[PDB]
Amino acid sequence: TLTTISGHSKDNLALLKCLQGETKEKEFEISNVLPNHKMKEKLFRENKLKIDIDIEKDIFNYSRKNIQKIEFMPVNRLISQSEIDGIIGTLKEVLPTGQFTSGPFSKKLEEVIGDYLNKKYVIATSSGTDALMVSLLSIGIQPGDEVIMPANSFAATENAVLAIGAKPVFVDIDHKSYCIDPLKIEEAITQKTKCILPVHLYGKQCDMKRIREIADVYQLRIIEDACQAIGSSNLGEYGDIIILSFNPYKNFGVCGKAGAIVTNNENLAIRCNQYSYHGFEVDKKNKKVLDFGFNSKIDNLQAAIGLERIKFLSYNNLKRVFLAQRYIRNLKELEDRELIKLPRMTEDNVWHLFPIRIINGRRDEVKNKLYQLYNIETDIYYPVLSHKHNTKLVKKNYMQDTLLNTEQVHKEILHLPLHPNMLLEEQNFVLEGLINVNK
């Protein structure tokens, strides 16, 4: 059997299983798409998998290095010297053009992302938050319309809804994946509902087939917040619009803010292009066709940087899967002792963040002791749920919201350090602290 590695999550899992010998005798080709550039250089030779790959020594550079502390996300570790060298090279080409607003690198990155997501239209934006705002306007959202969404996403998700005067309507999450529960969506639909905004939180996809079945009964649009899920196989199959972020701390990021709007719907894509640049007709600066818009296209310079950094995406995603598997397998004893709950390995997760649940009310004690006793930073993405801020909006509108699963899980969740440039010695340091703090 010969498989072409596409650079998405499903084929990364198949490749990992082959590298670890959990596989039938299988052979691999690599697709020559830009998100596979680093993987092809590092792991392939003459379009075949290198025979002498050792994951720990060659991909993770394991050398028994001594580790004394762990930070959750040291941002200097998220960019490699290889990426820097390439970024300097492409900046030497972009800077003399003087093209610093739109330009040819913006168009090229839109084509690359369209090819990678298998979608016809891409509008590269100045942020994922801006992409969401523009996408909501493009489907016709007016002030007062309702948008069904979960209450456990980053603030940007609700903020894009609120900034255009729409109303978040919060629905509880499921019991297995941190994602909006499809079985609770229909009961929140009102005559003001215009959109369902699922979030593919932590890099895991929501159950989109069920959500689309509901949307189609009520003639609702679906805008997917995929800002943490780049690379996830079949992303967007059922969505009207998919939102990406290329923030520098995402699985793929530029060196500043950026994002994208992805869709097969030409009418929505046109309206997104118009709203993302002042309401002007496409390529007609200063001539409005829509009533207003924003200044929200990507910078050409960041698109050039993105075309260099995206070369590392499938390889960095593979490294993330390996780290996730290694946490799951080495922490299983704590789950058998009913002290924690672990995520499961699935083919869609791109492992932007690695959640566990500490049950029996011990999450705060374990988090605090990991730091104070073991010098391990962990974090809680995110520390306050949407309906629990001390804002006038919440106090006037969301005081009767009860989201029982969301609120219970929020007492238990903890995120462990997971970023592709981590050393396995560093993950071992986290693993030993987690074991010791739970003896």
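In this text, residue numbers run from 1 along the sequence as written.
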Mean CA B-factor: is it higher for 384-392 or for 22-30?
22-30
Taking only the CA atoms, which stretch has the higher mean B-factor in the record, 95-103 or 247-255?
95-103
Go through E407, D379, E56, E412 one by one and give the residue whose Cα B-factor in the PDB entry is largest.
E56
Out of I359, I310, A304, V171, which shows the largest CA B-factor listed in the entry?
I359
What third of the chain does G165 rank in for C-alpha temperature factor, lowest, middle or highest?
middle
Of the three thirds of the chain ranked by Cα temperature factor, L15 occupies the highest
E281: CA B-factor among chain residues, third -> middle
Which third, lowest, middle or highest, does the C-alpha temperature factor of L334 belong to within its own chain?
middle
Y202, C-alpha B-factor rank within chain (lowest, middle or highest third)
lowest
